[PDB]
């Protein structure tokens, strides 16, 4: 847990995958051509906290949806990359647009397109529903599953590692 905290302490960008991370991985369709996606309410509040403690937020996702666009904006997530399977490339790109390198990125994913990004990121994170290969290259596995607070969980972990957890807690005490 020592080495976990170093990696997190130095994080400047938090980059999330969507399906399996911000959601439980359910891809929903109905009979009139409309897709649906479910997100988790405590995730948003934890992401609002990291936003405001200086850390910038991004989404890199293989699919493309209005739901993701819609959710990211209300959460103050700023960089929205959709229809991108090549995750490490996308991550590196942001690093150079924002002037902080790979060492300064956190990234969280559940599945194979994610592994290289979770491997090279300064702080790579997977979840219990992530395949075994992505988990093995991760610096941290969440207690919680995607769509059920894994994102909020790492949100707190980084805030703890940056010493902004107590300030964030005190705001609501």
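Positions refer to the first chain, counted from 1. Take the two forms, superpose them, and find the largest set of C-alpha atoms that agree within 1.5 Å; that set is the rigid core.
Peer 1: Which stretch is less alike in 4 other deposited structures of this protein, 162 to 170 or 1 to 9, counting RMS CA distance after the rigid core is superposed?
Peer 2: After superposing on the rigid core, the more displaced stretch in 4 other deposited structures of this protein is 1 to 9.
Peer 1: Identify the stretch, either 15 to 23 or 156 to 164, whose C-alpha atoms have the larger mean B-factor according to the entry.
Peer 2: Taking the mean C-alpha B-factor of 15 to 23 and of 156 to 164, the larger value falls to 156 to 164.
Peer 1: Higher mean Cα B-factor in the deposited model: 100 to 108 or 36 to 44?
Peer 2: Higher mean C-alpha B-factor: 100 to 108.
Peer 1: Using only the C-alpha B-factors in the record, can you name which of 54, 130, 124, 147 has the highest?
Peer 2: Answer for 54, 130, 124, 147: 54, with the highest C-alpha B-factor.
Peer 1: Ranking the modelled residues of this chain by C-alpha B-factor as given in the entry, is residue 69 in the lowest, middle or highest third?
Peer 2: For residue 69, the deposited C-alpha B-factor lands in the middle third.
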